[PDB]
Structure formats: structure tokens, C-alpha cells
Amino acid sequence: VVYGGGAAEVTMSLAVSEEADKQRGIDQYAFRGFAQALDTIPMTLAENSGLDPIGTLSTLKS
Amino acid sequence: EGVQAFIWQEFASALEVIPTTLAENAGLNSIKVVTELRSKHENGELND
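Residues numbered from 1 in each chain as written, not as in the entry; some residues may be left out. Chains lettered and ligands numbered in written order. Part of a larger assembly, values for the part shown. Heavy atoms only, no water.

J.: Break down the overall build of chain A for me, with residues and values.
T.: Each helix and strand counted, chain A has 4 helices and 0 strands in total. Reading the secondary structure of chain A in the N-to-C direction produces α-α-α-α. If one aligns the C-alpha atoms of chain A with their principal axes, the spans along those axes are about 40 × 30 × 20 Å. Per-residue burial for chain A yields a buried fraction of 19% across its 62 residues. Accessible area of chain A: about 4600 Å², with a carbon and sulfur share of 59%. Of the charged side chains in chain A, 4 are positive and 8 negative; the average position of the first set lies 10 Å away from that of the second. (Helix = DSSP H or I, 4+ residues; strand = E, 2+ residues; numbered from the N terminus. Buried < 20%, exposed > 50% of the residue type's maximum accessible area, 1.4 Å probe, protein only. Areas by Shrake-Rupley, 256 points an atom, 1.4 Å probe, with all protein chains shown as cover. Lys, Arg positive; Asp, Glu negative; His and termini not counted. Charge placed at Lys NZ, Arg CZ, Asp CG, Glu CD.)

J.: So, the layout of surface pockets: which residues are in play, and what are the values?
T.: The computed volume of the largest pocket comes to approximately 1200 Å³. Lining the largest pocket we find 29 residues, and of these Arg32(A), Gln36(A), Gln9(B), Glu10(B) and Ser13(B) sit closest to its centre. Only α1 (7-20), α2 (28-38) and α4 (53-61) of chain A together with α1 (3-14) and α3 (30-41) of chain B provide two or more residues apiece to the lining of the largest pocket. When residues in the lining of the largest pocket are grouped by element, the largest group, 6 residues, is from α2(A). Partitioned by chemical class, the residues of the lining of the largest pocket number 11 nonpolar, 12 polar and 6 charged. The computed volume of the second largest pocket comes to approximately 150 Å³. Lining the second largest pocket, in full, are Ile54(A), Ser58(A), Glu1(B), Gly2(B), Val3(B), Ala5(B), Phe6(B) and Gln9(B). Those elements that place two or more of their residues in the lining of the second largest pocket are α4 of chain A together with α1 of chain B. At 4 residues, the largest contribution of residues to the lining of the second largest pocket is made by α1(B). Here the lining of the second largest pocket is composed, by residue class, of 4 nonpolar, 3 polar and 1 charged. (1 Å grid on protein atoms, 1.4 Å probe; cavity = no way out; pocket = protein on both sides within 12 Å on 5 of 7 lines; lining within 4 Å. Points joined across faces, edges and corners; volume = space filled by probe spheres on them. Nonpolar A, V, L, I, M, F, W, Y, C, P; charged D, E, K, R; others polar.)

If you want it as C-alpha cells, here you go:
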């Protein structure tokens, strides 16, 4: 069981960016790409609902 | 702290393509070269 509604995407996204800060290597941008790719589904819901995407993801991330 | 600032971040990120293109034409790894551009510029203000 897991609570969806865009929560599963953002909660898996911020941890990947946190791991990249110490697991930099050559694949530092690879984790950042997957972190930004997971957040697109909340932004997709923002477009269909007609809300501001940046304000939505900024509030959820904060 | 505005949406105009978020566009300026992409303005700064997209402007780094010129040394990235130089790395690919020279065969050097772009991330290793661009990582040195970030490491030397906080002290070196110009001519680096």
C-alpha cells in the first residue's frame, strides 16, 4: 500500500538529489536527470488541473 | 526569489555550451573539463 497523488514521485525525487551530493563521480548529472524526470508527473497534473507548476512543486518540495 | 530568477538559472546553464563544445571537439571529457572551470574561477576572477 502507498499513498499516491504525486506524493510517491516527489518523495522518491528529493532523496536521489541528496545522494548525488556525496556520490558525485561522473554520474552526478545522471541522478539529477532522474530526479527531475520523476517530478514531471506532478507537473503533468498541474497542467491538466490548470495550476502553476513551479508554485506547486516548490510547495511540495519545501 | 521570483519566476524571473528561475529563468536566469536556465540562462546561466545554457550559456555553458561554448566550453562544452570545445571539450567535444578536442576529445576531452566535458564534465572533467567543466569541473575544472568551476574549481579555478572562484579565486581566478578573469583570464582563466
